[PDB]
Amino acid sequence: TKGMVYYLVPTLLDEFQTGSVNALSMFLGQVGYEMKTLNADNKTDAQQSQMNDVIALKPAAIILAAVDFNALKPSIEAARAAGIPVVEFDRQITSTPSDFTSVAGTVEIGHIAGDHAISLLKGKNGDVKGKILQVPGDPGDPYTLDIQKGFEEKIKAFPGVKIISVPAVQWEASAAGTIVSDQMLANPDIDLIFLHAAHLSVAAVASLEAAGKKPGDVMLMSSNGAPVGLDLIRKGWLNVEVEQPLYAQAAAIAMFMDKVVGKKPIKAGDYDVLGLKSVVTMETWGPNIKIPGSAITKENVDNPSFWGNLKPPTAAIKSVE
């Protein structure tokens, strides 16, 4: 064994989070690290306390996905000062250095979602008009902040589309259900609802159903690729799911961990991570790998490369030498 790695996961409340524990644990194990997971259960002060605890344990590395991206900056600094490598998973922290960061191309995921919304709202006469209800996730999470930026950039170019945006605080599907019910009663002309993770869409479907809607009446889209999302595609409720590449983000951390722990430089460039072109840059917050997401529709929903089909790579993750 090469040592222990602590993963500070923000919650265990959807398939991405629990999937990330499983993938990081398995992949790191393939490259000779034992992973231990601590769950913040959506409490910032818990995760901050967990950081102190783990710093005291002096592990080979810490993997953090911050509950709140502004709140954790001091903890990151403390860990690194104690000589412990810190890796950011999924939730990008740009305001202080980390030793590695592994994220989806989130602005690009918002762009893809934007392109599909536009396509979905384009009318017979070539114009783009309608009303979109957008349901971001928690404001403390750069994943949704950056998807929102990309999405809005696309949609704003077509001012005949009105957009209503209401975040689901703490990523709660229950909030999303309330939002969809209240907003649809006030705006019967909502044509499309874009939610930033598929577990939110599950609540949206129930809210639509309770208002008498059937699959396809209101177009629906979400943006993380979770299994419940792909199942809503198959059932006709969801028009599009723009996945983030969970397995690849996890695999990349395992692939580069020897370099992180060895304090060896991580060279900028294009890498293959589980078949995806993954881009490493040197940023002010340290080495960063950005891995692309993809749009999933009924036409390609069964592609085993998409993590919501729960067919992880068969072959050995290997350390980057």
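Sequential numbering from 1, following the sequence displayed.
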item: Higher-scoring stretch by recorded Cα B factor average, 192 to 200 or 177 to 185; value: 177 to 185
item: Between the two ranges 257 to 265 and 282 to 290, the one averaging a larger CA B factor in the entry; value: 257 to 265
item: Selection by C-alpha B-factor (highest) of 238, 164, 82, 86; value: 82
item: Which of 55, 295, 64, 276 ranks first by CA B-factor in the deposited coordinates; value: 55
item: Chain-relative CA temperature factor third for residue 105; value: lowest
item: Within-chain third of residue 94 by Cα B-factor, per the entry; value: highest
item: Record-listed C-alpha B factor of residue 302: chain third; value: middle
item: Residue 20, C-alpha B-factor rank within chain (lowest, middle or highest third); value: lowest
item: Record-listed C-alpha B factor of residue 135: chain third; value: lowest
